[PDB]
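Each chain, letter by letter, is given below.
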Amino acid sequence: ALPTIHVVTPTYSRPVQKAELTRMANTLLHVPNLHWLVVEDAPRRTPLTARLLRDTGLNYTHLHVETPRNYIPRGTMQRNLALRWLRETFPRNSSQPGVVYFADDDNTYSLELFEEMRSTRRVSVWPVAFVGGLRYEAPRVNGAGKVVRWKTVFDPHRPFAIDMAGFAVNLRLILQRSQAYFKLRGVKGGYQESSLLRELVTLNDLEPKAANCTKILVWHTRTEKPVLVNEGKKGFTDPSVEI
Amino acid sequence: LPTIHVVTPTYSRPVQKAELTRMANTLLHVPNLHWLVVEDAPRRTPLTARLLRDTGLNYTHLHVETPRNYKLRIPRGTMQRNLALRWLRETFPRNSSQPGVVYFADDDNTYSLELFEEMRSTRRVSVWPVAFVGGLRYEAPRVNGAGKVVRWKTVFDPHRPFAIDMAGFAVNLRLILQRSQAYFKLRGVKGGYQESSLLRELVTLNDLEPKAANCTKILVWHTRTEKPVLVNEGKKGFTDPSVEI
Ligand SMILES: CC(=O)N[C@@H]1[C@@H](O)[C@H](O[C@@H]2O[C@H](CO)[C@H](O)[C@H](O)[C@H]2O)[C@@H](CO)O[C@@H]1O
Ligand SMILES: CC(=O)N[C@@H]1[C@@H](O)[C@H](O[C@@H]2O[C@H](CO)[C@H](O)[C@H](O)[C@H]2O)[C@@H](CO)O[C@H]1O
Ligand SMILES: O=c1ccn([C@@H]2O[C@H](COP(=O)(O)OP(=O)(O)O)[C@@H](O)[C@H]2O)c(=O)[nH]1
Ligand SMILES: O=c1ccn([C@@H]2O[C@H](COP(=O)(O)OP(=O)(O)O)[C@@H](O)[C@H]2O)c(=O)[nH]1
Ligand SMILES: [Mn+2]
Ligand SMILES: [Mn+2]
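Here is what the cut-offs are and how they apply
- Residues numbered from 1 in each chain as written, not as in the entry; some residues may be left out.
- Chains lettered and ligands numbered in written order.
- Heavy atoms only, no water.
- Residues with missing side-chain atoms left out of burial classes, pairs and counts.
- Contact = heavy atoms within 4.5 Å.
- Buried area = accessible area lost by both parts, 1.4 Å probe.
- Salt bridge = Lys/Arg side-chain N within 4 Å of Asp/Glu carboxyl O.
- Polar contact = N/O pair within 3.5 Å; in protein donor to acceptor, adjacent residues only side chain to side chain.
- Helix = DSSP H or I, 4+ residues; strand = E, 2+ residues; numbered from the N terminus.
- Near = heavy atom within 4 Å.
- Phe/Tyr/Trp six-rings, centres within 6.5 Å; stacked < 30°, edge-to-face > 60°.
- Buried < 20%, exposed > 50% of the residue type's maximum accessible area, 1.4 Å probe, protein only.
- UniProt positions renumbered as here; feature names shortened; annotations may be inferred.
- Pairing = 2+ DSSP bridges.
- Axes fitted to C-alpha atoms, helices over the stretch in contact; angles between N-to-C directions.

In terms of determination method and resolution, the entry is listed under X-ray crystallography at 1.82 Å.

Take a look at the structure:
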């Protein structure tokens, strides 16, 4: 009966990738009924990602799709591939409860976050730290427990002024709205979340989590680029040793 | 199953809670682990105290403020690591045959679960490769056919006593207790020689124990976290300062 949480994680090859996937997997290993949908931004599945997923024992699906020359946001085509995979895997009126969460590989997630999104009926929302040039963004909730706006500074007029890591969607809505995908073509920066949510739910139907959006359970952390200046042009370390 | 005493210096800054949260999520998987969190502050902060209590991990919350004056060449977290060393020596009798290992783990690095099992059996001092240090993809101890460390594969001062990062070694607790005068140096050592300053008083190259498949695998990464952009907070502030992040 416990709903399955489908975590959609776009990822790409770069120095810190294995470290990012490692601490993220260490977090996900604590969550029951979790399906990790990892979509690599590559022409084919890489052995690094394949072996890491295999060794964790986690329930996962490993997909891949390469981003076009112009590299629109980041991770878009990968999240869209995952949405299509879900629709091809689960029938529109499926009865198996599920929740979909788009979790980037560098963010920091608390275990409480997953407990909060698991009961999502339509779309749930919560505060996100380190987004929109603020300590955190948070949906505005009235005393009745309804979402009536957003507490942000960056373009507060977007239909859904919230970051990718700030909401989850019941799988049923994703299957019913079979044509709803993240916009990549004519897309204003910061409107990717709205491009999808607008087609799935209305403001008044959002389900505020994290004690009526007063607590921060997820952080939009960024990882610094490692300095590899000492490798030189010919390289110093063994290129066959995986990092 | 030997207890692993993880020494983690930490300080108040925007990403602190996040760093401790994802680190706790990793540590929660490790059995017989004692987390020695040492805050760089005048007193234990409610944020850290609450987080440690909520994790369910076995921990000891200590604190020592690095003089404001000092921060204005003293390696980050030095005084905090030394406070933990002193605490271990004042808590555990020099002789008791208590199986344990000490590991200095900074709050922003990335650790694999396999790393802890590799260091848990340490008899003296164990060493292993560390990614993203010394301007390289990784630094790795060099081992000979006899199974002994005979040098270090690095570009930055590979000829120093111990050319290895803080996250690349662990010390048997008994050894820490025996060498009661061994602490990280505060001043007098060249940049990048603090790890050597301590290790040289603890062991010789020949007594090192190579881990991580004879130092051929990377099980720990010296990752660093970017500073969050808070420009939209303005001068007077936008978000509620009472809301913990
Ligand atoms: C580009 C470069 O060579 N950088 C080096 C630093 O790596 C070095 O910092 C030390 O590096 C060692 C590596 O084993 C440890 O990580 C140690 O903790 C670091 O202090 C500094 C030393 O002053 O020199 C250059 O910056
Ligand atoms: C300092 C500042 O205002 N920066 C903004 C970015 O925040 C913004 O990025 C978008 O931010 C929203 C926040 O809810 C969300 O994280 C989106 O995913 C993200 O794209 C960017 C838009 O291109 O403009 C900057 O100026
Ligand atoms: O070419 C790229 C750049 C990013 N990503 C992934 O898509 C998400 C976008 O995150 P990143 O740019 O950190 O996002 P930011 O922090 O800039 O919002 C993360 O899971 C990345 O691993 C990707 O697949 N391909
Ligand atoms: O004023 C400070 C700066 C850092 N630290 C801690 O000491 C370690 C040093 O790390 P940081 O500078 O990242 O180290 P670097 O990546 O520069 O080696 C980390 O556990 C920090 O939380 C601290 O206690 N006080
Ligand atoms: Mn990111
Ligand atoms: Mn660090």
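*Asks:* How should the interface of chain B and chain A be read in this particular structure?
*Replies:* Often, the extent of an interface is quoted as the loss of accessible area on bringing the components together. Taken residue by residue, the interface counts 45 residues in chain B and 45 residues in chain A. Between chain B and chain A lies a buried interface of about 4100 Å² when both sides are counted; carbon and sulfur atoms form 62% of it. Its largest share of buried area at the contact with chain A, chain B owes to B:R22, B:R137 and B:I245, together 18% of the area lost on that side. For A:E224, the salt bridge goes to B:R224, with nearest N and O atoms at 3.5 Å. Counting across the interface, chain B meets chain A through 23 residue pairs in polar contact. The biggest single contributor to the side of chain B that touches chain A is helix 1 (residues 16–27) of chain B, with six residues.

*Asks:* Explain the side chain of B:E19 to me, please; I cannot follow it from the model alone.
*Replies:* Residues and elements named next belong to chain B. Position of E19 among the secondary structure elements: in helix 1. Side-chain polar atoms of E19 contact the side chain of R22, separated by 2.9 Å. Here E19 is in contact with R13, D107, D108 and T225, once residues within four sequence places are set aside.

*Asks:* Explain the site of ligand 1 here, please?
*Replies:* Around ligand 1, the surrounding shell consists of A:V229, A:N230, B:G134, B:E139, B:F156, B:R160, B:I164, B:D165, B:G191, B:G192 and B:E195. One finds residues of chains A and B in close proximity to ligand 1. In the model, an oxygen atom of ligand 1 is placed 2.6 Å from a nitrogen or oxygen of the B:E139 side chain. B:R160 is positioned with one of its side-chain polar atoms (N or O) 3.0 Å from an oxygen atom of ligand 1.

*Asks:* Please clarify how the packing of aromatic side chains should be interpreted in this entry.
*Replies:* Each aromatic ring pair is specified by the distance between its two centres and by the angle formed by the two planes. Taken as a whole, this structure holds 15 aromatic pairs over all chains when the rule is applied. Judged by centre distance (6.2 Å) and plane angle (85°), the rings of A:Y101 and A:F114 are edge-to-face. Highlighted residues: A:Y101 in strand 4 (residues 98–102) and A:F114 in helix 4 (residues 111–117), separated in sequence by 13 residues. Here A:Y101 falls in the buried class, since its relative accessible area comes to 0%. Looking at A:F114, the relative accessible area reads 1%, which means it is buried. Ring geometry for B:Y103 versus B:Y111: centroids 5.9 Å apart, planes at 85°, classification edge-to-face. Looking at B:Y111, the relative accessible area reads 3%, which means it is buried.

*Asks:* Please clarify how the UniProt feature "active site" in chain A should be interpreted in this entry.
*Replies:* All names here are of chain A. Within the UniProt annotation, "active site" is assigned to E193. By the element assignment, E193 lies in helix 6 (residues 192–200). Given the relative accessible area of 11%, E193 is considered buried. Ignoring sequence-local partners within four residues, the contact set of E193 consists of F160, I162, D163, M164, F167 and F182. Within the structure, the side chain of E193 is placed 3.1 Å from the backbone nitrogen of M164, a separation counted as a polar contact.

*Asks:* Could you clarify how one ought to interpret the sheet that holds strand 2 (residues 33–39) of chain B in this entry?
*Replies:* Strand pairing in a sheet relies on backbone hydrogen bonds, with the paired strands running either antiparallel or parallel. All names here are of chain B. Overall, mixed pairing links the seven strands, which are arranged 3-2-1-4-10-6-11 in an open sheet. Looking at the sheet topology across the chains shown, the edges are occupied by strand 3 (58–63) and strand 11 (208–210). Across the sheet, the mean angle separating the axes of adjacent strands is 25° when strand polarity is ignored. Of the strand pairs in this sheet, strand 6 (residues 125–127) and strand 10 (residues 169–172) are connected by three bridges, and their pairing is antiparallel. The partner of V127 across the bridge, within strand 10, is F169. Running at roughly 170° to strand 2, helix 1 makes contact with strand 1 (3–10) and strand 2 of the sheet. Each of strand 1, strand 4 (100–104), strand 6 and strand 10 touches helix 5 (residues 113–120); the most contacted strand, strand 4, lies at about 135° to it.

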